[PDB]
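# Close look at the chain arrangement
Read off the chains here:
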Amino acid sequence: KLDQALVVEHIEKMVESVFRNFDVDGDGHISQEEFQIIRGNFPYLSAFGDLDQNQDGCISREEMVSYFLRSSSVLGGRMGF
């Protein structure tokens, strides 16, 4: 069986889930305060400097999307940690 459709919908919904997850204030960008308190319960995320190259303290679509294709391996993006 192919997971093409499975992960296609999961990926698209993933970027949309994170984009809206950290943007509950409807600002269009991830404010430092949002990631500030959220990181306190979600240490599984990288640092601002890694998510945003410009270090604007704000995460855009290109940052999350590029991050999905950035940390993307053969099909997904897992190593074993």
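What the deposited record gives as its method is solution NMR.

### Topic: the overall build of the protein chain
Of regular secondary structure, the protein chain possesses 4 helices and 0 strands. Ordering the α and β elements of the protein chain from the N terminus gives α-α-α-α. Looking at the protein chain as a whole, 17% of its 81 residues are labelled buried. When contacts within the protein chain are restricted to residue pairs at least 6 apart in sequence, those whose partners lie at least 24 apart make up 36%. Charge centroids of the protein chain, computed over 7 positive and 14 negative side chains, lie 10 Å from each other.

### So, the UniProt feature "binding site: Ca(2+) 2" in the protein chain
In this structure's numbering, the residues bearing the UniProt feature "binding site: Ca(2+) 2" are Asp52, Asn54, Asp56, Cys58 and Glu63. Narrowing the list just given to those that line the largest pocket leaves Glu63. Relative to the helices and strands, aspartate 52 resides in the loop between α3 (48-51) and α4 (61-70). The residues contacting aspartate 52, other than those within four sequence positions of it, are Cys58, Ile59 and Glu63. Only 3.1 Å separates the side chain of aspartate 52 from the backbone nitrogen of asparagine 54, close enough to count as a polar contact. Within the element layout of this structure, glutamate 63 appears in helix α4. Take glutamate 63: its relative accessible area is 19%, and that puts it in the buried class. With sequence-adjacent residues up to four places away left out, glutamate 63 is seen in contact with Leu51, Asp52 and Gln53.

### Overview of the layout of surface pockets
Considered as a void within the structure, the largest pocket measures approximately 1100 Å³ in volume. Lining the largest pocket are 26 residues, with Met14, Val18, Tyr67, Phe68 and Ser71 positioned closest to its centre. Here the residues of the lining of the largest pocket sort into 17 nonpolar, 7 polar and 2 charged. Here the second largest pocket is characterised by a volume of approximately 190 Å³. Around the second largest pocket, the lining residues are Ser71, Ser73, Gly77, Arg78, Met79, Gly80 and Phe81. Taken together, the residues that form the lining of the second largest pocket break down as 2 nonpolar, 4 polar and 1 charged.

Rules behind the numbers
Residues numbered from 1 in each chain as written, not as in the entry; some residues may be left out. Heavy atoms only, no water. Helix = DSSP H or I, 4+ residues; strand = E, 2+ residues; numbered from the N terminus. Buried < 20%, exposed > 50% of the residue type's maximum accessible area, 1.4 Å probe, protein only. Contact = heavy atoms within 4.5 Å. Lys, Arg positive; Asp, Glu negative; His and termini not counted. Charge placed at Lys NZ, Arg CZ, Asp CG, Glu CD. UniProt positions renumbered as here; feature names shortened; annotations may be inferred. 1 Å grid on protein atoms, 1.4 Å probe; cavity = no way out; pocket = protein on both sides within 12 Å on 5 of 7 lines; lining within 4 Å. Polar contact = N/O pair within 3.5 Å; in protein donor to acceptor, adjacent residues only side chain to side chain. Points joined across faces, edges and corners; volume = space filled by probe spheres on them. Nonpolar A, V, L, I, M, F, W, Y, C, P; charged D, E, K, R; others polar.

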